[PDB]
Amino acid sequence: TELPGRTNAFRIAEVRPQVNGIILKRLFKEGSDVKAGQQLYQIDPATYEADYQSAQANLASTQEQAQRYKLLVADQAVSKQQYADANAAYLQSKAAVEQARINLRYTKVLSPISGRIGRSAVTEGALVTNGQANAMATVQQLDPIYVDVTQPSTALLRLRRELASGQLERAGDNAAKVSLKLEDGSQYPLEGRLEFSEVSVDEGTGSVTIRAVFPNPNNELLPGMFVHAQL
Amino acid sequence: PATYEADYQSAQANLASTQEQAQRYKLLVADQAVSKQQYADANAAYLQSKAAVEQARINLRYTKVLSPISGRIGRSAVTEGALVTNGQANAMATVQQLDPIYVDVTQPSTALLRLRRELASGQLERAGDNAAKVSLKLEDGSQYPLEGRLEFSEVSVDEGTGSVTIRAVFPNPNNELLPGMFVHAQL
Amino acid sequence: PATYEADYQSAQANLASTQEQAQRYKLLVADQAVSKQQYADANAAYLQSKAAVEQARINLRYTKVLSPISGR
Amino acid sequence: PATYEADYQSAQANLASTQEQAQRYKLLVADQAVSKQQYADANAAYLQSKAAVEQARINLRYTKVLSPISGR
Ligand SMILES: O=C[C@H](O)CO
Ligand SMILES: O=C[C@H](O)CO
């Protein structure tokens, strides 16, 4: 039995800015392989870095001020007000620093997922805004790769029982071993699982959609291919 | 939540401050050691802080997107790293409780009555008040192993057709039954 | 020196920023892609920063009270 | 023509405005008081207005349908 389907990325993530600024450098090769947590961009941190330190200086000051008054009020050398106001400022500073720190951190646009980044929709030197609609880039885990197969709800059961009645080659709980046949006609050398748990159902058709998972090193398989699973 | 968490704490700091200010100034005006203005203003700020904090708290909370129902989630319409907006048109994902599963049956208003009386006249196998036991037959032809209730209380009526729609309830562990199947209930 | 040290770095951070700003705007003005009033201001900030830094540096330095003479 | 007449004057009002705006920004770029890009946007609007007015004028004129040929 041959089940028609489309290959899809195993995982998709969008790269976006979370701080305002100018793209200083784009540290990645379009179309290369990037790891999750890897810096993909550098937003000119000249200022954020400046504010952050400007802040810490402030906190260092107000903090001393406060700690000194805490001591003094205990001996009434100072009033309950002055200490209150002093500890007030101290708290505000401490807050500012934390916000400064957060923004500086967002200056290094990291990759959320491990996969394959394509073209960078943003040129170096460009202006980037937190909340902006468009994404700077898109990474894609392409190794284990999906193959979305759609069968009429009936067939999914039929297969499901053959799986339990040993009539199908086990591949794991709810998974049968399968082979892939490119629209090329050729036979993808490796083979993978065909999980039976449903992922979606077009109630307007009643048909179900399940996923096959093939190993894809060498990156021979790419999203969008019209293939055929085999049981 | 890096920031929401930051604003929330930034806020709580403030409240802690203004609250002290108030509770104190509430005592000085008490002995005319501070004008009515000074205290009114102090309690003003205090109330504002208290409000700010509550709003910060609410936003932080929404940071963790929970599932409203228990059931089966399908694909996630949103990728990680994506930008999400309150009020946005599209839903991030849809959960569907498929275990007890419904089977919408449509019979002409007449038939519904015919069956309703057989139910009362014991001519139909009771399954509960207003419910008769029923079996399911997939469009496959096969016979769904389990069986369930066929509630007679109407759910909707296409007045343009006069026909009524009632629901059958089948157990569906194993998740063999899925939405959209064209089946047949049997009595 | 906890603070002086902090102000001093707080400062240098600032200068590093305004300095970049200035050096860049001067390029723009040369293409008339920014009013010289914008540049003037940019270089104005740069000079203030540069001044701040120097004063910061001076104060930090005075943080280690040294002995003027050799003796007892 | 109640409206076409209104739109035509509504427009001319606009043009009179943006035109002044432009002519003034034109003296600024001359003294590097503004960027080329600014005088650009200003002159951009000015040209759009001038176009709008001409279209308004044309339409108002057609409010008076005329005969293409001499005949019966
Ligand atoms: O931008 C999406 C792909 O990475 C490239 O073209
Ligand atoms: O929500 C059901 C499917 O997973 C998607 O669209």
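Residues numbered from 1 in each chain as written, not as in the entry; some residues may be left out. Chains lettered and ligands numbered in written order. Part of a larger assembly, values for the part shown. Heavy atoms only, no water.

- The deposited coordinates derive from X-ray crystallography, with the record listing a resolution of 3 Å.

Some details on the pattern of salt bridges
So, point 1. Scanning all chains against the criterion turns up 24 salt bridges over all chains.
So, point 2. Note that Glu151 of chain B and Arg149 of chain B form a salt bridge whose closest N and O atoms lie 2.8 Å from each other.
So, point 3. Owing to a relative accessible area of 23%, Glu151 of chain B belongs among the partly exposed residues under this scheme.
So, point 4. Connected through salt bridges with shared partners, the residues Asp148 and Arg211 of chain A together with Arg75 of chain B form a single ionic network. (Salt bridge = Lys/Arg side-chain N within 4 Å of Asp/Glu carboxyl O. Buried < 20%, exposed > 50% of the residue type's maximum accessible area, 1.4 Å probe, protein only.)

What about the UniProt feature "coiled-coil region" in chain C?
So, point 1. Mapped onto this numbering, the UniProt entry annotates "coiled-coil region" at residues 2-56 of chain C.
So, point 2. A distance of 13 Å separates the end C-alpha atoms of residues 2-56 of chain C, which is 89% helix and 0% strand. (UniProt positions renumbered as here; feature names shortened; annotations may be inferred. Helix = DSSP H or I, 4+ residues; strand = E, 2+ residues; numbered from the N terminus.)

Quick word on the layout of surface pockets
So, point 1. Of the voids in this model, the largest pocket is the one considered here, and its volume is about 1,900 Å³.
So, point 2. Contributing to the lining of the largest pocket are 49 residues, with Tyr4, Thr63, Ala82, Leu83 and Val84 of chain B lying nearest its centre.
So, point 3. Those elements giving two or more residues to the lining of the largest pocket turn out to be β2 (11-15) and α2 (80-105) of chain A together with α1 (2-28) and α2 (36-62) of chain B.
So, point 4. For the lining of the largest pocket, the class distribution of residues is 23 nonpolar, 18 polar and eight charged. (1 Å grid on protein atoms, 1.4 Å probe; cavity = no way out; pocket = protein on both sides within 12 Å on 5 of 7 lines; lining within 4 Å. Points joined across faces, edges and corners; volume = space filled by probe spheres on them. Nonpolar A, V, L, I, M, F, W, Y, C, P; charged D, E, K, R; others polar.)

Quick notes on the arrangement of the chains
So, point 1. The interface with the highest contact count, out of three pairs of chains in contact, is the one between chains A and B.
So, point 2. Structurally, chain A and chain D remain out of contact, their C-alpha atoms never closer than 17 Å.
So, point 3. As for chain D relative to chain B, no contact occurs, and the smallest C-alpha gap between them is 32 Å. (Contact = heavy atoms within 4.5 Å.)

Some details on helix α3 (residues 153-164) of chain A
Residues and elements named next belong to chain A.
So, point 1. With 12 residues, α3 should cover 16 Å at 1.5 Å per step; its first-to-last C-alpha distance of 17 Å lies within 8% of that length.
So, point 2. Counting buried positions along α3 gives nine out of 12 residues, so the element sits mostly inside the fold.
So, point 3. The complete set of buried residues in α3 reads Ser153, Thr154, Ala155, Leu156, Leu157, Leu159, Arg160, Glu162 and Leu163.
So, point 4. Looking at the buried residues of α3, the elements they touch are β1 (2-8), β9 (145-151), β10 (170-172), β11 (175-181) and β14 (207-214).
So, point 5. Phi for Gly166, located one or two positions after α3, is positive at around 55°. (Expected span 1.5 Å × (residues − 1).)

Considerations on the interface of chain A and chain B
So, point 1. At the interface, 34 residues of chain A touch 31 residues of chain B.
So, point 2. Interface area for chain A against chain B, summed over the two sides, is near 2,600 Å², with a carbon-plus-sulfur share of 53%.
So, point 3. For the chain A face of the interface with chain B, the top three residues by lost area are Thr154, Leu157 and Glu198 of chain A, together amounting to 18%.
So, point 4. On the surface where chain A and chain B come into contact, there are four salt bridges.
So, point 5. When the shortest N-O distance is used, the salt bridge between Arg11 of chain A and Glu80 of chain B registers 3.0 Å.
So, point 6. The interface formed by chain A and chain B holds 10 residue pairs in polar contact in total.
So, point 7. At the level of elements, β2, α2, α3, β13 (200-202) and β14 of chain A are the ones that each hand at least two residues to the side of chain A that touches chain B.
So, point 8. The element best represented in the side of chain A that touches chain B is α2 of chain A, accounting for nine residues.
So, point 9. Taken together, the residues of the side of chain A that touches chain B break down into 13 nonpolar, 10 polar and 11 charged. (Buried area = accessible area lost by both parts, 1.4 Å probe. Polar contact = N/O pair within 3.5 Å; in protein donor to acceptor, adjacent residues only side chain to side chain.)

Examining unusual backbone geometry
So, point 1. Even without being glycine, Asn174 of chain A reaches a positive phi, approximately 65°.
So, point 2. The phi dihedral of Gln32 of chain C is positive, around 65°, even though this residue is not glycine.
So, point 3. Positionally, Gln32 of chain C belongs in the loop between α1 (2-29) and α2 (36-61).
So, point 4. You can call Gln32 of chain C partly exposed: its relative accessible area is 23%.

Structural notes on the packing of helix α1 (residues 2-30) of chain D against helix α2 (residues 36-61) of chain D
Residue and element names in this part refer to chain D.
So, point 1. For the pair α1 and α2, the least separation of the axes is 8 Å and the interaxial angle reads 155°. The orientation of α1 relative to α2 falls into the category roughly antiparallel. In the packing of α1 onto α2, the handedness of the crossing is left-handed.
So, point 2. Grouping the constituent residues of the contact of α1 with α2 by class yields 14 nonpolar, nine polar and six charged. (Axes fitted to C-alpha atoms, helices over the stretch in contact; angles between N-to-C directions. Parallel < 35°, antiparallel > 145°, perpendicular 65-115°, else oblique. Left-handed = near helix turned anticlockwise from the far one by under 90°.)

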